[PDB]
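Encoded as structure tokens, the structure appears first; notes follow it.
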Amino acid sequence: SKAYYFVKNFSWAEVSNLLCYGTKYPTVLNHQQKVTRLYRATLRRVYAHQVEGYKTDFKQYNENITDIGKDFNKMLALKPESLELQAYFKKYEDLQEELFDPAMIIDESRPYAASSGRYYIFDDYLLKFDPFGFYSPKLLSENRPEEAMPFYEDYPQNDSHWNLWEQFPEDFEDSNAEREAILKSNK
Amino acid sequence: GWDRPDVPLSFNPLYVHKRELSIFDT
Amino acid sequence: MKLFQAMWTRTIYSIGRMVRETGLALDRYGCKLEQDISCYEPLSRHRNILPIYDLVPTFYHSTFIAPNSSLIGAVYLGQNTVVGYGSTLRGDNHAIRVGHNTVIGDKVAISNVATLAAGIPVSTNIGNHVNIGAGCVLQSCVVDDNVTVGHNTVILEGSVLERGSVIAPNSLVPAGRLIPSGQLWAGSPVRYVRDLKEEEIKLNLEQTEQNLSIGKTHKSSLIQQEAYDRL
Amino acid sequence: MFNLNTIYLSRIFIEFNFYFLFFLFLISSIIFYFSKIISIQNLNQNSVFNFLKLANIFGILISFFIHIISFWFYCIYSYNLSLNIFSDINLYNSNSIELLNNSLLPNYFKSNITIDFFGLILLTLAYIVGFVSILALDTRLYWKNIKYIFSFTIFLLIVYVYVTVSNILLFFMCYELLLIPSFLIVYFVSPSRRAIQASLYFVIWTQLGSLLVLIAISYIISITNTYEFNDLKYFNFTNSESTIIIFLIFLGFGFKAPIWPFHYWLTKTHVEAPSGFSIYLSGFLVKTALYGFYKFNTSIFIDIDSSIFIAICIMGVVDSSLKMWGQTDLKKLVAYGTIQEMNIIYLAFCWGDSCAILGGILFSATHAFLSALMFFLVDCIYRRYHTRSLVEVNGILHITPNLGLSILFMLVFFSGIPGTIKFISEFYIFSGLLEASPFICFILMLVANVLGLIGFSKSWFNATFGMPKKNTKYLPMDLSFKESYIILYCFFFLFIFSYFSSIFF
Amino acid sequence: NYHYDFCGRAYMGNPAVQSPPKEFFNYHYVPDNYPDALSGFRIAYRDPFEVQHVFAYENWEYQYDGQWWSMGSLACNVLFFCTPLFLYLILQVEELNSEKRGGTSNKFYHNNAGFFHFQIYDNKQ
Amino acid sequence: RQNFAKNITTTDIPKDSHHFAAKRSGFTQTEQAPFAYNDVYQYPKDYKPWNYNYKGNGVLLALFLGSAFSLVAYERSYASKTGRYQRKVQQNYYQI
Amino acid sequence: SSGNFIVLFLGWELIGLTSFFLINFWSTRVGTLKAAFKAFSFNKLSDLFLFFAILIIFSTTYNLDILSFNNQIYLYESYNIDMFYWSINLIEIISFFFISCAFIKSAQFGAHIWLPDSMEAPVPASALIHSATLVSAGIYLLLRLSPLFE
Amino acid sequence: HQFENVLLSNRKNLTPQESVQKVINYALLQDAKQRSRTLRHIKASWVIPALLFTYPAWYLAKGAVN
Amino acid sequence: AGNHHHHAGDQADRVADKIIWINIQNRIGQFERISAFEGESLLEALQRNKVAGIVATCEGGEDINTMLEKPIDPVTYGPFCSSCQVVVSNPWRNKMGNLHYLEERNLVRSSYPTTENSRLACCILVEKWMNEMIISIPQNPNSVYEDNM
Ligand SMILES: CCCCCCCCCCCCCCCCCC(=O)OC[C@H](COP(=O)([O-])OCC(O)COP(=O)([O-])OC[C@@H](COC(=O)CCCCCCCCCCCCCCCCC)OC(=O)CCCCCCCCCCCCCCCCC)OC(=O)CCCCCCCCCCCCCCCCC
Ligand SMILES: CCCCCCCCCCCCCCCCCC(=O)OC[C@H](COP(=O)([O-])OCC(O)COP(=O)([O-])OC[C@@H](COC(=O)CCCCCCCCCCCCCCCCC)OC(=O)CCCCCCCCCCCCCCCCC)OC(=O)CCCCCCCCCCCCCCCCC
Ligand SMILES: CCCCCCCCCCCCCCCCCC(=O)OC[C@H](COP(=O)([O-])OCC(O)COP(=O)([O-])OC[C@@H](COC(=O)CCCCCCCCCCCCCCCCC)OC(=O)CCCCCCCCCCCCCCCCC)OC(=O)CCCCCCCCCCCCCCCCC
Ligand SMILES: CCCCCCCCCCCCCCCCCC(=O)OC[C@H](COP(=O)([O-])OCC[N+](C)(C)C)OC(=O)CCCCCCCCCCCCCCCCC
Ligand SMILES: CCCCCCCCCCCCCCCCCC(=O)OC[C@H](COP(=O)([O-])OCC[N+](C)(C)C)OC(=O)CCCCCCCCCCCCCCCCC
Ligand SMILES: CCCCCCCCCCCCCCCCCC(=O)OC[C@H](COP(=O)([O-])OCC[N+](C)(C)C)OC(=O)CCCCCCCCCCCCCCCCC
Ligand SMILES: Nc1ncnc2c1ncn2[C@@H]1O[C@H](COP(=O)(O)OP(=O)(O)O)[C@@H](O)[C@H]1O
Ligand code: FES
């Protein structure tokens with residue numbers, strides 16, 4: 001269960017439906033699903049209040065769960081379109097409302113719980129990502145060209161255009177030696 | 001004891017939008 | 001200072017261009033006044049050797065350059081290099097260098113891309129005894145000595161062919177790939193075929209030598225027929 | 001110990017910095033026009049665009065250094081001039097020192113330069129904000145808009161003449177010249193398609209106020225044939241003329257300096273304009289209007305109640321603060337913050353030439369730097385995360401820690417913590433307003449610093465925090481050195497300008 | 001208390017799940033725009049709901065004349081509309097105190113005879 | 001996009017040519033051709049990407065010289081304000 | 001340990017900001033951000049009250065020194081301030097703003113709503129804020145400006 | 001010392017790898033020289049108009065506005 | 001990319017299977033059959049096929065905030081004339097639906113007679129469901145002197 005009862009501006013009816021059954025629209029559920037989910041919710045709440053509670057009485061807990069189990073067996077036996085089954089559902093929904101506890105314990109294994117998302121897990125994409133060659137070696141040819149595509153440089157991470165004209169060493173020799181040699185040979 | 005697999009990416013579940021974000025709820 | 005020398009060269013070049021402009025305009029005006037139609041005639045403006053300012057093609061007088069071809073920008077030909085009819089060596093963005101005894105087939109196009117990654121030359125460099133078939137396309141590729149490229153072959157950027165490699169016609173070399181020495185590669189994406197034999201190597205050498213001789217005969221015949229300018 | 005050497009050095013520096021900028025611009029423009037047949041970029045490493053970028057950047061920077069020196073010289077000169085006038089009490093003695101102009105360069109527009117502290121603050125803002133905006137617009141200028149690399153140099157020249165002139169007509173003309181370059185930048189450099197309509201809205205809204213100021217200037221010039229800006233001392237406008245002039249001046253300059261309800265154009269333009277030009281707009285282009293309003297209203301004698309103008313300014317502040325909460329767009333939220341700060345600044349000028357002007361000037365400087373910081377942060381977010389909307393952007397801090405830290409420190413500075421010129425300006429304005437009208441001061445402080453502050457902080461905190469699980473293949477890396485140092489310089493100025501000499505504040 | 005079924009006039013997004021929108025306003029760029037290529041030029045596909053929310057407010061408009069007064073709460077809308085009048089009246093009431101006491105009043109004081117703050121006043125030979 | 005030239009001449013790019021090796025024998029009829037350039041960037045050992053890696057004293061010397069100049073300039077300014085060629089240090093200084 | 005109201009206000013804002021960070025330590029979760037934002041809003045309200053009180057003090061006496069204010073407030077006790085439509089006693093209004101900010105930061109009834117939600121912070125941060133650091137700011141204000149409130 | 005045209009030289013003795021590497025290095029060096037020459041010519045084309053037409057432009061502006 | 005169902009190694013689809021056929025009754029009472037594509041306006045298709053009877057003085061209208069965008073931007077200026085009117089048969093006219101207010105303004109301002117099924121080709125965007133759509137194209141009016149040029 002997403003344990004988001006107190007978030008997302010749920011109305012009381014929606015919260016009650018979420019507590020009793022895992023869904024906010026119990027009509028979609030069938031008879032067996034409704035009965036089983038309500039039984040699970042009732043047992044969970046009774047355990048929360050009479051086992052993990054204030055000076056809990058285990059004998060009273062046993063008696064209460066036994067009575068609830070008998071009642072839910074009768075409910076499951078009953079037909080879906082029965083006023084008696086409707087009365088049972090209303091009774092146990094009222095019990096859930098009565099036992100509703102603001103700030104009730106929410107297990108840490110459920111979504112939206114306290115400590116649910118304290119850490120951001122990095123994906124293999126981020127782990128592999130290394131545009132510079134310090135950790136993952138970087139080819140002088142930025143990329144490996146694939147067949148049926150031209151060979152283009154990868155877009156740099158920093159695309160600042162504040163670049164000077166190409167710089168050369170002082171007193172750099174740049175005479176057209178090839179042309180001079182060919183012209184000398186031609187004469 | 002057991003060699004646990006690396007922490008699941010599932011721990012943070014991606015949220016997919018299924019309802020319009022009304023401008024009246026900005 | 002080199003900057004001053006460059007400035008002086010640009011100034012004198014501009015003055016010469018302006019002098020040419022005024023002279024040609026005066027000639028046209030004189031024709032108009034003389035009722036002469038000579039200026040009006042439309043004649044091909046094609047120039048076999050076109051020099052970009054400061055980028056003049058250079059070639060040994062022994063080379064045979066087809067009058068139908070066009071060398072542009074920084075082009076460098078070897079001793080007996082032969083350029084086929086209709087082939088263009090644009091070499092305007094970067095240089096194009098060719099070896100001593102290479103043969104370039106008819107309709108071959110060579111042009112180099114604007115830029116490439118680090119360590120990859122952006123100019124076309126061809127070995128000494130290379131034989132390139134007609135209809136080939138080359139871009140910023142390195143070819144070693146004694147390489148035969150089949151007709152209708154495309155060679156892209158950063159592609160290196162080692163000595164003795166052979167590429168079958170109607171095949172493409174993908175950009176940034178290596179063709180080792182002494183191997184035959186074929187297919188639109190080149191795929192390994194086999195290792196060359198001494199007989200095949202000798203046949204290729206004889207073929208390129210025959211092409212050089214045919215180029216020499218073409219040069220002689222064109223000079224005889226006044227189709228070749230005696231440079 | 002003050003001597004004539006300092007006076008002449010101040011005047012020479014002020015006069016010659018303008019010609020330094022003009023000659024740099026002239027040489028760069030000549031090179032650009034005569035190097036190519038068609039004035040567009042050649043997409044190669046040897047293009048003249050690199051030289052033009054270098055020339056513009058390091059003309060602005062060197063002129064900014066020279067402006068620092070000249071501003072310091074002016075401060076000494078003005079302080080010692082006041083001392084010379086005030087000190088001597090003998091009736092026979094009088095301070096009549098006459099200066100002869102140099103024979104090297106001419107006086108631009110045959111006008112003798114006059115410089116004031118507010119004008120030089122405005123010029124310094126121009127320099128710094130223009131430097132930041134030009135650094136921002138490098139990625140926007142490409143191959144057909146490179147001609148707009150000179151826009152900030154043109155702005156600097158216009159502002160220089162604007163702040164170093166004692167002529168009413170030249171003042172007005174310099175104020176009105178700013179429209180064309182800004183409109184062209186928004187029209188041709190803005191990536192978004194809505195910028196086309198945003199530019200038209202900007203032009204029309206600003207031109208309505210320009211026409212109002214033009215009517216006021218026509219009233220002044222036609223009635224008083226003078227133009228020296230000081231002959232108005234010997235001419236008094238009747239009550240009707242004075243009220244008409246003040247109303248026209250206030251409304252016209254408030255069209256530019258956004259006031260309620262005339263901020264629709266500002267919101268549209270800020271949302272749809274280049275991220276690099278929004279910085280310049282908000283930082284500087286809305287404060288030339290404040291400077292002009294100050295000059296005109298302090299020159300004219302006005303015998304009307306300023307309650308209506310104060311109410312307009314306070315309504316603008318309240319409106320912007322209340323609307324801050326409902327903006328998920330960071331750029332629009334920063335635009336509303338700009339509207340709030342500008343309205344507070346404008347309110348600071350509603351008591352003529354009282355001491356409120358000092359707080360107004362300091363608040364103008366701090367708002368310029370703070371708006372530059374905020375718009376630059378929005379620019380970085382939009383450029384690395386390809387969206388500037390709160391719904392699409394979340395958890396910036398966990399993937400780009402430096403950017404998240406910058407956002408958090410920007411919020412802290414915006415909150416107005418002590419030790420910042422923002423806090424000093426708030427202290428000045430609120431100390432005056434408490435005695436002027438304490439209940440109005442309480443309402444203004446409450447709204448602006450609680451409701452608007454909470455609305456502003458909600459979106460920024462939500463963007464900074466969270467968990468960026470979406471589109472993990474496309475997440476950016478971090479701020480660059482350029483962006484990091486720009487942010488650091490904004491923080492450094494906001495912190496250290498509080499130590500500026502208190503004589504002028 | 002606010003719920004979609006019973007809000008009536010305080011509008012808000014409905015809680016019921018809906019299908020994604022087929023058509024919605026989208027980002028558009030000026031012709032021949034230079035792409036933004038920071039951090040490798042990696043662009044992700046935009047979520048339709050998020051883009052719709054981004055561009056919804058800019059295009060929202062009133063359907064009929066006078067809808068603004070009714071939308072939301074009439075009392076709050078009227079108070080917001082009259083806020084400038086309230087501010088002006090508060091300012092005038094405050095200025096009454098200034099007039100009767102002798103403190104600062106809302107006026108354009110002219111202590112300086114047009115002499116700007118720390119301006120350089122000089123003459124030339 | 002970027003149009004600058006990668007192959008600079010001011011210095012030779014650090015590189016390692018042994019990490020990636022190009023196959024040159026034993027090919028098949030379905031294998032793609034190898035790559036021509038297989039050099040990778042090699043960083044200098046002891047380079048720490050998480051700091052500035054600045055080992056020069058120029059900035060420190062510039063700041064210290066500026067501070068020293070400011071100190072001596074203030075000394076001279078105080079002497080000029082007091083109308084003396086040099087500071088007249090008193091025999092005792094108290095809190096203030 | 002503040003020598004004047006400006007340093008006091010600086011420390012006030014700093015404790016507010018750092019408490020916000022401690023509460024929002026779990027930055028990945030947005031549930032924690034809601035509690036942090038609640039505390040931030042209350043702290044900003046307290047900052048408003050403190051700033052307004054300091055402005056009133058500065059307008060009355062042209063001084064921000066704590067000792068000078070403590071030893072001068074008795075002279076101005078008899079003064080009143082003319083507000084919108086009421087003549088409020090100066091001491092009463094100044095003490096009203098101070099007590100409001102003190103209550104907000106000490107989590108008195110009504111303004112305590114943030115303290116239960118501030119427990120999202122890690123236990124060391126919670127102990128430090130709730131023992132003598134964040135919740136005693138109002139007590140410090142009252143003790144330091146006792147001559148005013150007397 | 002003396003210019004050598006590596007491309008037109010004899011590299012049969014060397015292995016094919018060494019031959020291609022030498023050709024690549026020679027091509028890079030020659031391309032750098034050509035780049036320097038063309039950049040210098042571009043710089044000259046920048047400087048000439050500035051020297052020739054800066055003063056006339058200043059003269060025109062000075063006459064116009066003064 | 002997108003809006004296609006190709007996998008690595010698949011052959012391209014024929015243009016014949018993708019062309020959408022539009023049937024027209026010309027101004028002279030004859031019948032014509034032309035081909036169009038999805039994503040382009042009916043005006044573009046008709047001008048490409050050189051169908052007579054359409055003047056198109058404005059030539060499609062503005063290039064930004066065009067009427068072809070599925071969500072029409074409210075800041076659009078709409079068509080700049082009414083010289084591309086076409087009468088669409090009811091089965092497809094109903095599918096097209098109600099008119100935009102600017103388009104209706106231009107249609108009613110048209111100098112020649114108009115029909116309840118009339119629409120502007122520039123305002124129509126070609127869709128797959130329009131296959132075999134029947135329209136009629138009477139002669140449209142000539143607005144200005146430049147039309148004769
Ligand atoms: C990545 C950044 C991202 C930024 C963008 C995001 C921004 C927002 C988010 C911010 C949070 C995220 C970023 C933070 C994490 C960064 C991580 C990182 O990069 O790690 C590496 C980073 C750098 O270390 P490194 O990479 O290992 O090595 C760097 C080199 O080896 C060092 O080489 P070096 O040893 O040669 O040192 C060069 C030089 C450093 O050179 C510079 O930085 C140039 C500075 C030019 C001046 C600019 C204005 C300076 C204004 C004051 C601030 C000084 C700078 C300190 C940083 C700001 C304050 C924290 O060092 C000095 O000499 C320091 C003296 C500076 C004083 C200059 C004063 C000028 C006048 C100021 C106005 C008048 C003052 C009157 C005072 C009167 C007496 C009180 O980590 C650090 O070392 C952090 C240092 C933090 C500052 C403390 C140390 C300096 C103290 C100076 C004196 C003040 C203290 C008290 C003095 C009392 C007696 C007077
Ligand atoms: C001029 C002389 C002044 C001095 C004399 C003394 C003061 C007399 C003032 C007049 C008071 C009686 C008249 C007020 C009637 C209510 C307003 C109205 O008519 O609008 C239609 C009224 C409101 O429609 P709506 O706002 O669209 O409905 C929203 C929905 O309910 C959905 O609501 P939601 O669930 O979304 O929650 C939103 C709710 C809650 O909203 C919020 O939580 C946000 C904050 C909203 C504002 C709360 C008040 C803050 C303080 C305002 C101070 C104004 C200062 C500036 C003006 C000064 C003028 C001197 O929004 C409302 O407050 C709506 C309720 C009506 C407005 C109540 C607050 C403003 C009333 C006027 C106060 C004037 C004070 C003047 C003196 C000031 C001190 C010098 O419609 C209805 O009838 C439906 C029922 C609404 C509840 C009525 C509750 C009983 C009110 C008394 C009924 C008997 C009146 C007998 C009159 C006899 C002849 C005079
Ligand atoms: C709440 C918000 C909080 C926000 C902040 C949060 C915390 C943030 C922390 C992280 C960021 C800040 C801390 C780290 C910064 C980086 C430090 C670092 O080490 O980076 C390495 C960084 C990168 O290293 P690189 O890549 O190697 O670059 C090296 C540089 O390009 C250049 O290096 P170079 O080695 O080539 O040195 C160049 C140097 C060259 O240095 C020298 O030349 C000095 C040595 C020669 C002295 C002269 C000798 C003459 C006779 C010859 C004698 C024989 C030869 C002697 C020399 C031999 C060679 C040593 O030239 C200069 O520096 C020029 C300056 C000249 C003007 C100023 C000084 C002079 C004033 C006037 C002096 C008058 C008296 C002297 C008169 C002299 C005669 C006329 O380099 C630097 O440190 C450069 C300085 C600027 C760095 C950035 C500073 C950012 C500051 C941000 C402050 C934000 C404040 C926010 C406050 C908010 C408060 C609320
Ligand atoms: C009637 C007189 C008319 C005068 C007209 C003025 C003509 C100006 C012509 C400009 C030509 C620019 C290119 C020159 C060749 C550059 C060669 C090169 O890059 O090698 C590196 C060499 C030397 O580099 P270096 O490595 O020695 O670095 C030290 C640089 N200096 C020498 C300046 C300290 O050349 C340069 O670095 C010069 C850079 C020139 C560009 C400067 C741009 C900044 C803005 C000023 C531009 C000029 C406007 C006028 C001055 C400002 C206003 C007062
Ligand atoms: C806010 C409106 C929407 C935005 C657009 C802005 C348009 C309005 C701009 C402000 C105009 C001035 C309004 C305040 C005038 C205050 C003085 C006054 O008139 O009191 C009676 C004045 C003051 O009288 P007084 O009683 O104070 O003293 C003189 C009394 N006598 C004469 C009896 C001795 O009396 C007059 O002399 C009448 C002057 C009337 C002038 C009205 C027309 C002004 C035309 C120029 C501006 C036009 C701008 C148009 C812009 C474009 C609009 C689309
Ligand atoms: C939550 C707390 C809220 C606190 C209350 C907030 C403000 C509430 C509204 C205050 C209204 C004050 C009205 C009187 C001031 C008039 C100023 C003036 O001169 O304007 C003349 C103005 C024109 O002013 P002018 O500017 O032309 O004056 C000429 C210039 N001087 C004065 C300088 C010479 O004329 C008007 O148009 C006034 C219209 C008044 C309409 C009727 C208003 C009735 C308001 C009743 C409020 C309820 C009773 C009081 C409640 C509080 C009791 C403690
Ligand atoms: N944009 C939204 N607009 C209105 N209500 C929403 C919105 N998003 C979520 N809600 C609420 O969130 C709750 C559903 O939470 P969600 O995370 O979608 O899980 P699930 O849909 O599986 O129950 C509903 O109460 C729903 O009303
Ligand atoms: S082309 Fe003019 S309206 Fe269609």
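Chain A is the first sequence line, chain B the second, and so forth, proteins listed ahead of strands; every chain is numbered from 1. Side chains included, hydrogens not; waters and symmetry mates left out as well; all remaining heavy atoms used. Both counts, for ligands and for their atoms, begin at 1 and track the order of listing.
- The presence of a protein heavy atom under 4.0 Å from atom 12 (C) of ligand 2 is ruled out.
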(request) In sequence, state the C-alpha distance, the side-chain angles, and the governing distance for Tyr485(D) and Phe481(D), and then conclude on ring-ring contact (aromatic ring centres under 6.0 Å, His included). (result) CA-CA 6 Å; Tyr485(D) 286 168; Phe481(D) 270 114; 5.6 Å; yes
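- Per-residue contacts place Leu43(I) under 4.0 angstrom from the following atoms of ligand 8 (heavy atoms of the residue considered): 1 (S).
- Note that atom 83 (O) of ligand 1 has no protein non-hydrogen atoms nearby, at separations under 4.0 angstrom.
- Aromatic ring pairs are classed by plane angle as parallel below 30°, tilted from 30° to 60° and perpendicular above 60°; the pair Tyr62(E) and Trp68(E) is perpendicular.
- Closer than 4.0 Å to atom 52 (C) of ligand 1 lies none of the heavy atoms of the protein.
- Distance check for atom 92 (C) of ligand 1: every protein heavy atom is found at 4.0 Å or beyond.
- In this structure, atom 26 (O) of ligand 1 has a protein heavy-atom contact shorter than 4.0 Å.
- Ligand 1 lies less than 4.0 angstrom from a heavy atom belonging to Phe491(D).
- For ligand 8, the atoms lying closer than 4.0 Å to a non-hydrogen atom of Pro79(I) are 3 (S).
- Put simply, atom 6 (C) of ligand 1 has protein non-hydrogen atoms near it, under 4.0 Å away.
- Note on ring orientation: taking the six-membered ring where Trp is involved, the planes of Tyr47(F) and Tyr43(F) are tilted (angle from 30° to 60°).
- By the definition of a contact as any protein heavy atom under 4.0 Å away, atom 48 (C) of ligand 1 is not in contact.
- Here the heavy atom of the protein found nearest to atom 61 (O) of ligand 1 is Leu63(F) CD1, 4.4 Å.
- How far OG of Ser83(I) is from CD of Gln139(I): 9.5 Å, rounded to the nearest 0.5 Å.
- For atom 19 (O) of ligand 1, a protein heavy-atom neighbour is present inside the 4.0 Å cut-off.
- Comparing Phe495(D), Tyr485(D), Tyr52(F), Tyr499(D) by heavy-atom distance to atom 2 (C) of ligand 1, the nearest is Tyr52(F).
- Polar contact check, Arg9(E) against ligand 2: a nitrogen or oxygen pair lies under 3.5 Å apart.
- Atom numbering of ligand 8 starts at 1 in the shown order; those under 4.0 Å from a heavy atom of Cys84(I) are 1 (S), 3 (S), 4 (Fe).
- Residue contacts to atom 2 (Fe) of ligand 8: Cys81(I) brings an N, O or S atom closer than 2.8 Å.
- Residue-level proximity to ligand 2 for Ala75(E) is carried by backbone and side chain together, each with a heavy atom below 4.0 angstrom.
- Distance screen at 4.0 Å: atom 56 (C) of ligand 2 has a protein heavy-atom neighbour inside the cut-off.
- Taking the side chain as every heavy atom from C-beta outward, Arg93(I) and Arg119(I) approach each other to under 4.5 Å.
- Surrounding CG of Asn51(F) are more than 12 heavy atoms belonging to other residues, nucleotides or ligands, all under 6.0 Å away.
- Looking only at protein heavy atoms, the nearest one to atom 62 (C) of ligand 2 is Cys76(E) SG, 4.5 Å.
- Remark: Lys422(D) qualifies as a cation-pi partner of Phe414(D) under the 6.0 Å distance and 45° angle criteria applied to the six-membered ring.
- When only non-hydrogen protein atoms are considered, atom 54 (C) of ligand 2 lies nearest to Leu79(E) CD2, 4.1 Å.
- Counting only heavy atoms, the protein never gets under 4.0 Å from atom 78 (C) of ligand 1.
- The closest approach between any non-hydrogen atom of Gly58(F) and ligand 1 is not below 4.0 Å.
- Counting protein heavy atoms only, atom 59 (C) of ligand 2 is closest to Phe86(E) CE2, 5.0 Å.
- Heavy atoms of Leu488(D) approach ligand 1 to within less than 4.0 angstrom.
- Of the polar atoms of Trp50(F), none of the N or O atoms is found under 3.5 Å from an N or O of ligand 1, judged by distance alone.
- The closest side-chain donor-acceptor pair between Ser67(F) and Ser70(F), if any, does not fall under 3.5 angstrom.
- The single protein non-hydrogen atom nearest to atom 33 (O) of ligand 1 is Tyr54(F) CD2, 3.4 Å, given as residue, atom name and distance.
- Those atoms of ligand 2 with a heavy atom of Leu74(E) less than 4.0 angstrom away are 25 (P), 26 (O), 27 (O).
- Neither the backbone nor the side chain of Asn106(I) has a heavy atom within less than 4.0 Å of ligand 8.
- A donor-acceptor pair under 3.5 Å is absent between the side-chain atoms of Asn142(I) and the main chain of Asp147(I), judged by distance alone.
- For the atom pair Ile407(D) CD1 and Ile396(D) CD1, the distance stands at 4.0 Å (nearest 0.5 Å).
- Here is the list of ligand 8 atoms found below 4.0 Å of a heavy atom in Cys122(I): 3 (S), 4 (Fe).
- At least one heavy atom of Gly60(I) sits less than 4.0 Å from an atom of ligand 8.
- There is no side-chain donor-acceptor pair under 3.5 Å between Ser437(D) and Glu95(E).
- Atoms of ligand 2 found under 4.0 Å from any heavy atom of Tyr2(E) (numbered from 1 in listed order, with element): 34 (P), 36 (O), 37 (O).
- At a 4.0 Å heavy-atom cut-off, ligand 1 touches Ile496(D) through the side chain alone.
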